[PDB]
Every structure is written in C-alpha cells, then in structure tokens.
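**Student:**
There are 2 protein chains.
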Amino acid sequence: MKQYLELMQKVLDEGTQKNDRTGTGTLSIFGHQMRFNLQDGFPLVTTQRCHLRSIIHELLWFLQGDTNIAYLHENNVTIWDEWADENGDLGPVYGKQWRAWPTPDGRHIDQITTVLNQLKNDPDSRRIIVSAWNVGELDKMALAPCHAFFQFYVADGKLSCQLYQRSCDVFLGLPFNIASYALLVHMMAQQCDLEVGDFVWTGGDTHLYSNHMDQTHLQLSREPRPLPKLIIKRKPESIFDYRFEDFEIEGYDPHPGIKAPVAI
Amino acid sequence: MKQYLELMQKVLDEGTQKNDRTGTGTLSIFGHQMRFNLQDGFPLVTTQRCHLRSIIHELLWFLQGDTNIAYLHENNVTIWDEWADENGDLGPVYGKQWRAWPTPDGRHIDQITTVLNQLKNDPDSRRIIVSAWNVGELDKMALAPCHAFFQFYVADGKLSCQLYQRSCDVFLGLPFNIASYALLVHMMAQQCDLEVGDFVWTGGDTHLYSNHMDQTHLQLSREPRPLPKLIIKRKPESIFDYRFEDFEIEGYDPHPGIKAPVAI
Ligand SMILES: Cc1nc2ccc3ccc(CNc4ccc5c(c4)CN([C@@H](CCC(=O)O)C(=O)O)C5=O)cc3c2c(=O)[nH]1
Ligand SMILES: Cc1nc2ccc3ccc(CNc4ccc5c(c4)CN([C@@H](CCC(=O)O)C(=O)O)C5=O)cc3c2c(=O)[nH]1
Ligand SMILES: *[C@H]1C([N+](=O)[O-])C(=O)NC(=O)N1[C@H]1C[C@H](O)[C@@H](COP(=O)(O)O)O1
Ligand SMILES: *[C@H]1[C@@H]([N+](=O)[O-])C(=O)NC(=O)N1[C@H]1C[C@H](O)[C@@H](COP(=O)(O)O)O1
Numbered sequence: 001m002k003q004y005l006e007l008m009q010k011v012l013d014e015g016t017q018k019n020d021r022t023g024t025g026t027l028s029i030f031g032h033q034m035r036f037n038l039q040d041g042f043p044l045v046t047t048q049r050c051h052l053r054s055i056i057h058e059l060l061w062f063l064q065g066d067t068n069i070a071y072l073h074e075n076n077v078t079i080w081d082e083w084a085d086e087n088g089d090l091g092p093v094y095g096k097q098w099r100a101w102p103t104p105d106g107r108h109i110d111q112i113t114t115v116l117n118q119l120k121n122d123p124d125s126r127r128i129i130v131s132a133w134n135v136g137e138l139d140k141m142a143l144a145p146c147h148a149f150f151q152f153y154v155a156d157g158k159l160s161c162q163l164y165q166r167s168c169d170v171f172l173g174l175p176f177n178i179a180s181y182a183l184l185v186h187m188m189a190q191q192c193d194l195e196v197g198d199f200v201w202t203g204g205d206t207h208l209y210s211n212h213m214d215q216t217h218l219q220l221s222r223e224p225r226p227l228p229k230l231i232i233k234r235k236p237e238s239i240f241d242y243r244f245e246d247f248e249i250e251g252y253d254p255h256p257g258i259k260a261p262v263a264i
Numbered sequence: 001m002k003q004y005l006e007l008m009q010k011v012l013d014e015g016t017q018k019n020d021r022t023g024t025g026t027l028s029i030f031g032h033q034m035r036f037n038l039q040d041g042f043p044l045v046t047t048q049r050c051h052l053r054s055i056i057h058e059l060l061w062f063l064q065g066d067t068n069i070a071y072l073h074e075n076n077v078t079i080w081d082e083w084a085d086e087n088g089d090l091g092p093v094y095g096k097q098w099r100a101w102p103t104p105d106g107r108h109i110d111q112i113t114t115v116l117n118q119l120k121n122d123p124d125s126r127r128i129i130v131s132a133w134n135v136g137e138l139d140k141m142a143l144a145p146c147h148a149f150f151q152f153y154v155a156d157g158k159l160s161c162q163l164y165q166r167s168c169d170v171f172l173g174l175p176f177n178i179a180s181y182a183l184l185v186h187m188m189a190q191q192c193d194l195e196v197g198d199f200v201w202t203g204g205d206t207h208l209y210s211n212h213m214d215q216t217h218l219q220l221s222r223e224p225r226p227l228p229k230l231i232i233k234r235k236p237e238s239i240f241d242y243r244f245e246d247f248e249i250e251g252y253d254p255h256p257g258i259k260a261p262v263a264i
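From first to last, the protein sequence lines stand for chains B and A. Mapped onto PDB author numbering, the consecutive letters of the first sequence carry residue numbers 1 to 264. Mapped onto PDB author numbering, the consecutive letters of the second sequence carry residue numbers 1 to 264.
Here it is as structure tokens:
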C-alpha cells in the first residue's frame, strides 16, 4: 500500500541501528501515524500476497477470549507456536484481557461487551477503549502485547478506530495487524448498524530487522494495486458468532509472496 | 507554538460537531500526531500566558503517588477542585496507577521506578511503558485518564517520549499536558544521564468546545514567540526528590492570557 511502502522506505532512510532482544539488530524509528479510509477498500497489502485465513482466524480467536493455540492449530495458523508452552498455552495475552480483564478484587471485566454497549448506547463517549496492556499480568504473558491499545470513535454514523502499537515488525507483522483491526472495525460496524470510517494506526518502536533488508528492497520496487473489497455475507446475532465462511474479499490481485525468517 | 496553533487550525477546518457528556457540544477530529524537539526549546505556549507553578506542582503530585487535592491546595493549584469528593479524594487516578498499579495477586507495581531501571539497564527495550488506563479501577476514578498511556525510547543517548491522549481539550488542557510531559522527560533524562530527544503527542478525540471558539480564534491570530529554556539547578538523589525550586524557566515572554470556561 501507499502508506505502508512509505513507512518502510522511512525506516531505511531514517532508522537508527539498534541491538534488540533477539540480538539480531534492527533499523528503528520512534512514533509514526498512518490513516486508512476504509471507504476506499480493505487495507490488505497488494505488493505481497497475504492469506486472509491467517488474519481472520487469529482475530476470531481473540474475540473468543482464548489464549491457547489449540484452535489456531485446527486451522493451520502457527505463528503462535514458538511462544506457547508445553500445553499450547501463552498466558493471559490479548484474548484474556479483551474478554476478561481480571480486577484486583477477583472479578472480570469484558471490554468487548462493554465496548459493544457503549457503541450502541453512547456513541459520543470518548472512553470507548479496550487495552491489552495489563501491567498486573505482563510477567505472566508469553510475550508483551505489540498492538496493545485501541480506541473507537463515532461521528456522523461512521465508526473509526485508532490502534497504538508499541512494537512493530514492519516487514513481518504490520501487514497483518492492519488487516486484523480493519476487519474488526467492519464487524463492530455491522453489529452496531454503523458505516465504516477511518482506521488510524500509531506506532512506538517501529522497526525493520537487519536480516530483512533484501526482502524489503524487493518489496519496495513493486507497484501497489487497487485495494480489494471486504464482503461479509451474513450477520450473526452477536460479535462472538462470526465464522470464517462469513467473510469474502474481491479485487485482491497481489504480487507473489516474499519469504522471510522470523526473529526469536 | 506552531504545532499547537496548526492543530487548532486543523480541528477548525476538518472538525465535526459532536455532543459530549457535559452536553456542551464540541468540534472534534480523531487521531493526530505532533513532535517537539526538546532540544529546540521548552514547549510552553507563548501565544497565551501559562503558569509553570501549577504544572510543576501537579506533576510532583503525580510522582508522589498522591490522589488527594490537599497538596495541590497547599500550593494554590485548584484545577482538580471541581472533581474532588468532600475529602479531596479523586480516587485511584494518575499518581496512584503510576506508583502503585494493583495486580490481582495482591501485589502493587511502581511503573515509574520500573521505567527508570529500564532506561538504565535495557534502554533498547521496546516495552518501556507506563499506563494509567487501569480497566479494573476505572469505575473508582473521578475521571477516566485523558493522558492515559506513554512510552519511552532511547537512541543516540537521547530520551524520547510518546503520549497517547484519548481525549483532549485543545484549548484548555493541551497546553498544560504538553509542558508537563516535556518536564518529565527532562527529569527522567537527568536521572539517567541522557539527553532530551523528542516528545511526540498523539491524540484520540481531539476537540474544541463550542464556548471556546471566539478565544481559539483570538489566540490563533497571534504570532508565536521563541520557546523558553528549562534550567534544572540540582540533580536530586532520585526522580522523586525534585522540589518546586529546582526548576528555572528562562526567556518566557508570552502574550496575555485568555479566559474560557471549563466544561464540567
Ligand atoms: C520478531 C517478530 N515476532 C513476532 C511474534 C509474534 C507475532 C504474532 C502475530 C503476528 C502478526 N499476525 C499474524 C497472523 C497470521 C500469520 C502471521 C502473523 C504470519 N503467517 C505466515 C505468513 C503468511 C503470509 O505471508 O500471508 C507465517 O508463518 O509467517 C501467519 O499465519 C506477528 C508476530 C511477530 C512479528 O511479526 N515479528
Ligand atoms: C473539560 C475539561 N476538563 C478537565 C478536567 C480535569 C483536568 C485536570 C488537569 C488538566 C491539565 N493540567 C493543568 C495543570 C494546571 C492548571 C490547569 C490544568 C489549568 N490551570 C488554570 C487555573 C484552573 C483552576 O486552578 O481553577 C491556569 O490557567 O492557571 C491550572 O492551574 C486539565 C483538565 C481538564 C480540561 O482541560 N478540560
Ligand atoms: C509483536 C506481535 N505480537 O506478539 O502479537 C504482533 O502482532 N505484531 C508485531 O509487529 N510484533 C513484533 C514486534 C517486535 O519485532 C517483536 C517483539 O519484541 P518486543 O516484545 O517488542 O521486545 O514482535
Ligand atoms: C482531561 C485531562 N485530565 O483528566 O487530566 C487533561 O489532562 N486534559 C484534557 O484535555 N482532558 C479533557 C478532555 C475532555 O474534554 C475531558 C474528559 O472527558 P471524558 O472524555 O468524557 O472523560 O477533559
């Protein structure tokens, strides 16, 4: 995509050389924003094929409040195997915080339901947020949330969402996070009889791993193509009832994929 | 300041009327980003007078872990008055989450000292965060955190910071929040022997109240002036040991103030 490729070139031209956790080294920049008007089409990168099944399954997985890769397996999604433990468990990550943020007094708060109700009953609210950044349980998480905080906004029957990503594997992860939250907005908009609006993406440590230079240059030389369109062929009775078949996407004529190693 | 003034112009050009809870009506936009190179100067608005006195005191107050107006009062700062209960208690707001976010297993986390230990031993970390958005105790707070989430970054011996403000009263609160965090960056940096880099501001519902238009236009019709300079005259043994007096602001020649009624 236009913005996606500009953000990539930017890391190359401005990124600072940093030594990271994995000891691989990256080119980093701090703070950056991208806006995506959903009216123009789904933000699924075209300069590289991306499987919507991957994206669509992990998201449904979160909305389920599940933190065990079992399900993700029964559908060939593996990006979460490396971190899950012996029993395929990752701890109180994303799903757990979205669906059951544990209170100190021993209760649970369902941010999604709350958010659903706020959208339906009080769209002007400026407290329509949901964050996975639970300081009290980070140590228990197999890994700290990258996309850790997002907020919904409504104006003229349009539903927007701004995502704050503290850490961002520009080449590997970004394309997926974008599509995922873009897909969630659509779902929320459907269950709330709203029209989709803007998807604002904000990042903290935005980086490009040193051993991704080649794949990047390659991708940087490809011409982007019109964005596809997302079709949801059925409206479940809730936001926790969508399924893989429900979504469809036309107009996706991407360039072939580009293989790259993941940094552990 | 240019950034602040351009922001105000932006909300006026691309804003959209919205009805807030105080039923006052705002003109808002969603998502925005501005950077301030603390090296260029201290970001205290000049197109309108501000009192560093108050800013400092509220900040020292946060760093204390105090959520009771008594302190603020013993110092003539009264902005929080409106929201304090009969005992000057605001609930587990800012200061409390910073110094003692309560975990579910009876623990309490001091996000401030943590960040200080990280800026010292693992500055390359991508998870140097402080969150005030504690979903668990949100119902006990007098107000839901506006400046609710921030992140630090280090590069070339310079400390940077990015703040996510879910809600922003562009005319009233913004000026103070900016100067405040900028003030925190200089302090952190001093404790860690770093140099000040950039302060990046990112916002959610960035609005202007209806009763603030004539004033925002008056201010908007003013020429900015050179940013003042911040001078610390003592390096305390800890970030929690600063006193009002250690701070010295230089060359601040602002225009006259401008009164506008706060929205309850
Ligand atoms: C260093 C690093 N670490 C991570 C750790 C955990 C992650 C969890 C999720 C995501 C992003 N979301 C998805 C969601 C689905 C898939 C993958 C990623 C990528 N992927 C195939 C590639 C599919 C494609 O190219 O379409 C793979 O095995 O990489 C998936 O099935 C990224 C990371 C990163 C990441 O991007 N970088
Ligand atoms: C609608 C709305 N509500 C708020 C509620 C609580 C706030 C708490 C802090 C701040 C921002 N930080 C400071 C820090 C110091 C001062 C004030 C604000 C503004 N202020 C006025 C005096 C306000 C008063 O003391 O009554 C001044 O110009 O000195 C202060 O002393 C803003 C709000 C808002 C805000 O900006 N807007
Ligand atoms: C982390 C991530 N996740 O774990 O769920 C995701 O969805 N997208 C990412 O971009 N992402 C990446 C960023 C970074 O390179 C690493 C983790 O490193 P650290 O925790 O920030 O030190 O994963
Ligand atoms: C809230 C504030 N604070 O609580 O400390 C601050 O620092 N500055 C602000 O700009 N801010 C404003 C934004 C908005 O107009 C209200 C909060 O309203 P809700 O979003 O309904 O809670 O105060």
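Ideal placement from N, C-alpha and C gives every residue a C-beta, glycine not left out.
Can you confirm whether residue 202 of chain A, when its beta carbon is compared against all beta carbons of chain B, has any partner nearer than 7 Å?
**Tutor:** Stepping through the second sequence from its first residue, residue 202 of chain A is reached at position 202. So yes, residue 202 of chain A belongs to the interface.
**Student:** Can you tell which of B:47, B:74, B:223 has the C-alpha that lies nearest to the C-alpha of residue 53 of chain B?
**Tutor:** As a position in the first sequence, residue 53 of chain B is number 53, starting the count at 1. The shortest Cα separation from residue 53 of chain B among B:47, B:74, B:223 belongs to B:74.
**Student:** So what does DSSP say about residue 220 of chain B, is it helix, strand or coil?
**Tutor:** Indexing the first sequence from 1 puts residue 220 of chain B at position 220. In this structure, residue 220 of chain B counts as helix in the three-state DSSP scheme.
**Student:** Using the beta-carbon count (16 or more within 10 Å), is residue 177 of chain A buried or exposed?
**Tutor:** As a first step, residue 177 of chain A is located in the second sequence; it is residue number 177 there, counting from the start. Residue 177 of chain A is buried by the Cβ-count criterion.
**Student:** Decide yes or no for the touch test of the segment 140-147 of chain B against the segment 13-20 of chain A: beta carbon pairs closer than 8 Å, at least 3 of them.
**Tutor:** No, because fewer than three Cβ pairs between the segment 140-147 of chain B and the segment 13-20 of chain A fall closer than 8 Å, the two stretches do not touch.
**Student:** Please determine, among A:230, A:179, A:158, A:181, the residue with the shortest C-alpha to C-alpha distance to residue 197 of chain A.
**Tutor:** Position 197 of the second sequence holds residue 197 of chain A. Of A:230, A:179, A:158, A:181, the residue nearest in Cα terms is A:158.
**Student:** Please confirm if residue 18 of chain A has its CB atom under 7 Å from at least one CB of chain B.
**Tutor:** Position 18 of the second sequence, counting from 1, holds the residue named residue 18 of chain A. Yes, residue 18 of chain A lies at the interface with chain B (some Cβ there is under 7 Å from its Cβ).
**Student:** Nearest by alpha-carbon distance to residue 134 of chain B: which of A:121, A:119, A:97, A:156 is it?
**Tutor:** Numbered from 1 along the first sequence, position 134 holds the residue referred to as residue 134 of chain B. If we check each option's Cα against that of residue 134 of chain B, A:97 comes out closest.
**Student:** Return yes when the C-beta of residue 169 of chain A is under 6 Å from any heavy atom of ligand 4, and no when it is not.
**Tutor:** As a position in the second sequence, residue 169 of chain A is number 169, starting the count at 1. Within the cutoff, so yes.
**Student:** So with CB distances below 8 Å, who are the chain A contacts of residue 13 of chain B?
**Tutor:** Residue 13 of chain B sits at position 13 when you count from the first residue of the first sequence. Going along chain A, no residue has its Cβ under 8 Å from residue 13 of chain B, so there is no contact; the nearest lies around 15 Å.
**Student:** Taking the continuous beta strand (DSSP E) assigned at residue 167 of chain B, which residues delimit it?
**Tutor:** The residue you call residue 167 of chain B lines up with position 167 of the first sequence. Residue 167 of chain B -> beta strand (DSSP E) spans 158-169.
**Student:** Who does residue 27 of chain A pair with in a DSSP beta bridge?
**Tutor:** As a working mapping, residue 27 of chain A is identified with position 27 in the second sequence. Residue 27 of chain A pairs with A:17, A:208.
**Student:** Where residue 255 of chain A and residue 220 of chain A are concerned, what is the direct C-alpha to C-alpha distance, given to the nearest angstrom?
**Tutor:** Sequence index remark: in the second sequence, residue 255 of chain A carries index 255 (1-based). Sequence index remark: in the second sequence, residue 220 of chain A carries index 220 (1-based). About 12 Å.
**Student:** Assess contact between the segment 210-227 of chain A and the segment 48-65 of chain B, defined as three or more Cβ pairs (one per stretch) separated by less than 8 Å. Is contact present?
**Tutor:** The segment 210-227 of chain A, when compared against the segment 48-65 of chain B, does not touch it at the 8 Å Cβ threshold.
**Student:** If you follow the beta strand (DSSP E) that residue 229 of chain A is in, where does it begin and where does it stop?
**Tutor:** Along the second sequence, one-based indexing puts residue 229 of chain A at 229. That run of the beta strand (DSSP E) goes 229-232.
**Student:** Would you list, in chain order, the members of the segment 83-112 of chain B that have their beta-carbon closer than 9 Å to a beta-carbon of chain A?
**Tutor:** For the segment 83-112 of chain B, which is checked against every Cβ of chain A, the residues closer than 9 Å are 97, 101, 102, 103, 104, 105, 106, 107, 109, 111.
**Student:** Could you spell out the range, first to last residue, of the alpha helix (DSSP H) harbouring residue 111 of chain B?
**Tutor:** For the purposes of this step, residue 111 of chain B is identified with residue 111 of the first sequence, where counting begins at 1. Where residue 111 of chain B is concerned, the enclosing alpha helix (DSSP H) stretches over 111-121.
**Student:** At 7 Å on the CB atoms, spell out the chain A contacts of residue 135 of chain B, in chain order.
**Tutor:** For this step, residue 135 of chain B is matched to residue 135 along the first sequence. Ordered by position in chain A, the residues that pass the 7 Å Cβ test against residue 135 of chain B are 101, 109, 111, 131.
**Student:** Is there a C-beta anywhere in chain B that falls below 7 Å from the one on residue 199 of chain A?
**Tutor:** Here the question's residue 199 of chain A lines up with position 199 in the second sequence. Cβ-Cβ to chain B under 7 Å: no for residue 199 of chain A.
**Student:** What does the alpha-carbon distance come out to for the pair residue 237 of chain A and residue 58 of chain A?
**Tutor:** Here residue 237 of chain A refers to the residue found at position 237 of the second sequence. Here residue 58 of chain A refers to the residue found at position 58 of the second sequence. C-alpha separation (whole angstroms): 21 Å.
**Student:** Taking the alpha carbon of residue 246 of chain B as the reference point, which residue from B:186, B:205, B:211 has its own alpha carbon closest?
**Tutor:** By one-based count along the first sequence, residue 246 of chain B stands at place 246. Among B:186, B:205, B:211, the Cα nearest to that of residue 246 of chain B is on B:186.
**Student:** Determine whether the Cβ of residue 189 of chain B lies closer than 7 Å to any Cβ atom of chain A.
**Tutor:** Against the first sequence, residue 189 of chain B aligns to sequence position 189. False, the Cβ-Cβ gap to chain A never drops below 7 Å.
**Student:** Give the single residue among B:234, B:227, B:165, B:164 whose Cα lies nearest to the Cα of residue 190 of chain B.
**Tutor:** As a first step, residue 190 of chain B must be located in the first sequence, where it is residue number 190. It is B:234.
**Student:** Based on the DSSP output, what are the partners of residue 130 of chain A in its beta bridges?
**Tutor:** As a working note, residue 130 of chain A is residue 130 in the second sequence. A:150, per the DSSP bridge assignment.
**Student:** Taking just the CA atoms, how far does residue 151 of chain A sit from residue 116 of chain A?
**Tutor:** Here residue 116 of chain A is taken as the residue at index 116 of the second sequence, counted from 1. Here residue 151 of chain A is taken as the residue at index 151 of the second sequence, counted from 1. Cα-Cα distance, rounded: 12 Å.
**Student:** Could you check how far apart the C-beta atoms of residue 23 of chain B and residue 204 of chain B are, in whole angstroms? I think they sit under 8 Å.
**Tutor:** Taking the first residue of the first sequence as position 1, residue 23 of chain B is located at position 23. Taking the first residue of the first sequence as position 1, residue 204 of chain B is located at position 204. 21 Å between Cβ atoms; not a contact.
**Student:** Is the Cβ-Cβ distance between residue 249 of chain A and residue 226 of chain A less than 7 Å?
**Tutor:** Here residue 249 of chain A corresponds to residue number 249 of the second sequence, with the count starting at 1. Here residue 226 of chain A corresponds to residue number 226 of the second sequence, with the count starting at 1. No, they are not a contact pair.
**Student:** The alpha helix (DSSP H) spanning residue 58 of chain B covers which residue range?
**Tutor:** Numbered from 1 along the first sequence, position 58 holds the residue referred to as residue 58 of chain B. That run of the alpha helix (DSSP H) goes 52-63.
**Student:** Candidates B:105, B:261, B:63, B:79: which alpha carbon is nearest residue 99 of chain B's?
**Tutor:** Position 99 of the first sequence, counting from 1, holds the residue named residue 99 of chain B. The option with the nearest alpha carbon to residue 99 of chain B is B:63.
**Student:** Is there a Cβ from chain A that is less than 7 Å from the Cβ of residue 240 of chain B?
**Tutor:** Sequence index remark: in the first sequence, residue 240 of chain B carries index 240 (1-based). Answer no: the Cβ-Cβ gap between residue 240 of chain B and chain A never drops below 7 Å.
**Student:** What first and last residue would you give for the beta strand (DSSP E) that runs through residue 249 of chain A?
**Tutor:** Within the second sequence, the letter at position 249 stands for residue 249 of chain A. Residue 249 of chain A -> beta strand (DSSP E) spans 247-250.
**Student:** Across which residues does DSSP place residue 197 of chain B in a beta bridge pair?
**Tutor:** Taking the first sequence and counting its residues from 1, the one referred to as residue 197 of chain B is at position 197. According to DSSP, which records beta bridges pairwise, residue 197 of chain B is partnered with nothing at all.
**Student:** Does residue 4 of chain B have its Cβ less than 7 Å from a Cβ in chain A?
**Tutor:** As a position in the first sequence, residue 4 of chain B is number 4, starting the count at 1. So, not an interface residue.
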